[PDB]
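Under PDB author numbering, the letters of the sequence shown match residues 843 to 1131, in that order. What follows is a set of notes on a single structure, which appears directly below.
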Amino acid sequence: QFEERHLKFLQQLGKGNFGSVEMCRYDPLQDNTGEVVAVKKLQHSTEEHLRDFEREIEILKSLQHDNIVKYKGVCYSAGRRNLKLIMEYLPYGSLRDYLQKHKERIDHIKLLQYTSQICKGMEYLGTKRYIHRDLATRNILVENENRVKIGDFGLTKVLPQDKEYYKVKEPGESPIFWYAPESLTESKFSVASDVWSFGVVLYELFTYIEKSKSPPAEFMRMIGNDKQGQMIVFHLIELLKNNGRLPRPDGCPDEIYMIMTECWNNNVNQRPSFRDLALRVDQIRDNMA
Ligand SMILES: Cc1cnc(Nc2cc(F)c(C3CCN(C)CC3)c(F)c2)nc1Nc1ccc(F)c(NS(=O)(=O)C(C)(C)C)c1
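Below, the structure is given as structure tokens:
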């Protein structure tokens, strides 16, 4: 589909784990008429990561939604190595950086517009029995001032056809400050744990990515910055077990923070669905307008 001899590297957009995303121009005619695309590749083409990356490509290719980053194709060299994922390029970057830049022009109604778009994108994943796991403002991309998209699926897993959860323990850094408690203790990931993580995403939006108010900062100040390594996740477990939650962001209405706290239910079954979340957000957004 996309030949590597026509992918012109422009700049690197982001580097997480275990791959990176590059801004490239696919210009096969060699006349600056091609489009700028986003190319995701691996940093170490191991067989374990290559198998996960191929399943990630199939997941994204199976997704067609206004709030999901569009899949365009793949690219590979001689063989199955150097495999790359070709996606659409969204100009305004991640919602984490975009909100932090225009924080003086993005009111609460605009935050609820992005919130509904995230819920409708997550609910579409739930119909496919996909568990995103890694939902955060760093993963939500901005196409323009009126549309955001879920921009990465490197941790997304398909649920077993007979279970509603998915147990997985991946070696490496885990965003434990977005994870549901059952994901920290039992490595259990479900649609309900995505609801917990969405509540953290809702917390991020209303903090406007103030670095002192970040979920890791607030959680670490609650358990004490003196905690060390494994004792960090253990005190976070004990804190969440005792209804220790992130504070209400500055200027956040009471009803918006309730959505966060209700998503932050220790009882996995008592967390609301994304369709109910979209309803309550659209209901508040209409009452504001
Ligand atoms: C699939 C995709 C499509 N379009 C874009 N557009 C975009 C991304 C930018 F960053 C930026 C800038 C770059 C410079 N600085 C200052 C920030 C803003 C920009 F102008 C446009 N980006 C994508 N991917 C992507 C990229 C970079 C990440 F950091 C992440 N984050 S990530 O998913 O968690 C992962 C890397 C997988 C761990 C995803």
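C-beta atoms are modelled at their ideal positions from N, C-alpha and C, and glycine is treated no differently.
- Taking non-hydrogen atoms of ligand 1 into account, the C-beta of residue 869 is found less than 7 Å away from none of them.
- In this structure, residue 1017 has its beta carbon at no less than 7 Å from each heavy atom of ligand 1.
- The three-state secondary structure of residue 1069, taken from DSSP, is coil.
- The Cβ atoms of residue 926 and residue 881 lie closer than 8 Å to each other.
- For residue 983, the enclosing beta strand (DSSP E) stretches over residues 982-986.
- According to DSSP, residue 883 shares a beta bridge with 862 and 926.
- Residue state for residue 967 is assigned as helix, using DSSP reduced to three classes.
- Residue 1007 is bridged by DSSP to 1032.
- Nearest to residue 924 by C-alpha distance, out of 947, 888 and 901, is 888.
- Taking the CA atoms as reference points, residue 905 sits about 11 Å from residue 995.
- By alpha-carbon distance to residue 873, the top candidate from 1030, 849 and 893 is 849.
- In terms of Cβ geometry, residue 1126 and residue 954 form a close pair [threshold 8 Å].
- Counting every other CB atom within 10 Å of its CB across the protein chains shown gives residue 974 a total of 16 or more, marking it as buried.
- Relative to ligand 1, even the nearest heavy atom lies 7 Å or more away from the CB of residue 898.
- In the three-state DSSP reduction, residue 877 falls in the strand class (E or B).
- Here residue 1056 carries a coil assignment [DSSP, helix/strand/coil].
- In this chain, the alpha helix (DSSP H) harbouring residue 903 covers 889-903.
- Taking the CA atoms as reference points, residue 1106 sits about 17 Å from residue 1062.
- In the three-state DSSP reduction, residue 990 falls in the strand class (E or B).
- Short note on residue 929: C-beta closer than 7 Å to some heavy atom of ligand 1.
- Annotation: the continuous beta strand (DSSP E) that includes residue 854 extends over 849-857.
- For residue 868, the pairing in a beta bridge is given by DSSP as 849 and 877.
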